[PDB]
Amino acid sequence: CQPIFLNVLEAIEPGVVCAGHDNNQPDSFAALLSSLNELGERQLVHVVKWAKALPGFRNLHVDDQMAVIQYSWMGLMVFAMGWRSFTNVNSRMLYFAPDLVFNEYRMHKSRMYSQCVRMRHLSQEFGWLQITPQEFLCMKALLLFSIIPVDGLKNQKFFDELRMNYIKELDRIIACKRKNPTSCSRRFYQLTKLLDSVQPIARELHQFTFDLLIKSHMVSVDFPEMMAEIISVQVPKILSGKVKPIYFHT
């Protein structure tokens, strides 16, 4: 039998995205954050192309298609960055981009050291849990469907159906080489715990970027127009509790 679902996820996975950072200049808070913001915008372009090509994504109302991307991009990007960090440098540094790698000095200079260490821990877990490339792909897709509005989406039913199907695919990937139900259960527990761990990190980053945008003119940090829009219009909905992550565990 052909692994149709996984074939698609591998086929649509975005390639390498560079930040455009000048590594020849001494590190500075303004330059590092301005580059992270530019990287955010560049990756968002790829996240949109990727999301729109996901199995069943078109089943969603168009307004919901746009909403889920605008609410989940932080978690999606952090998860992918953690995977890059693990695969490329064994979690020794945060591999935001080939031209924007953070050692501890840069983590400190960025003024979000605590968040960076939590992301480094996330990266390490990909190794400790022996996450396979296929589990990574399925989990990342699930992250796109893990944050929704309290007031409900345009067509909440279509979204619930799609999320359920992605969870089913994750079950299938776990069962592939596991014949015992207990072994599958243990793996599902591990993976859902890992997925949940992305949310608190994403919220801390949402808070940090929101505060940074508000005082950006005072610290010389540049925000691309689109990022400024999303962080001032969508992110506050999350921070004010109107849009919340779907946790597997409490």
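Rigid core (definition): largest C-alpha set, two forms, superposition within 1.5 Å. Numbering starts at 1 and runs along the sequence shown.
Between stretches 221-229 and 35-43, greater average Cα displacement in 7 other deposited structures of this protein relative to the shown form, fitted by the core, falls on 221-229. Between 73-81 and 175-183, the larger root mean square Cα shift in 7 other deposited structures of this protein, once each structure is superposed on the rigid core, falls on 175-183.
A summary of the deposited B-factors shows that, of 206-214 and 60-68, the stretch with the larger mean C-alpha value is 60-68.
Stretches compared: 175-183, 136-144. Higher mean C-alpha B-factor in the entry: 175-183.
Residue-level inspection of the entry shows that, of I131, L153, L100, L76, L153 has the top Cα B-factor. The entry lists a Cα temperature factor for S220 that places it in the highest third of the chain's modelled residues.
Ranked by C-alpha B-factor against the other modelled residues of its chain, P236 falls in the lowest third. Ranked by C-alpha B-factor against the other modelled residues of its chain, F159 falls in the middle third.
Annotation for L6: C-alpha temperature factor in the middle third relative to the rest of the modelled chain, per the entry. Among all modelled residues in its chain, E41 ranks in the middle third by Cα B-factor.
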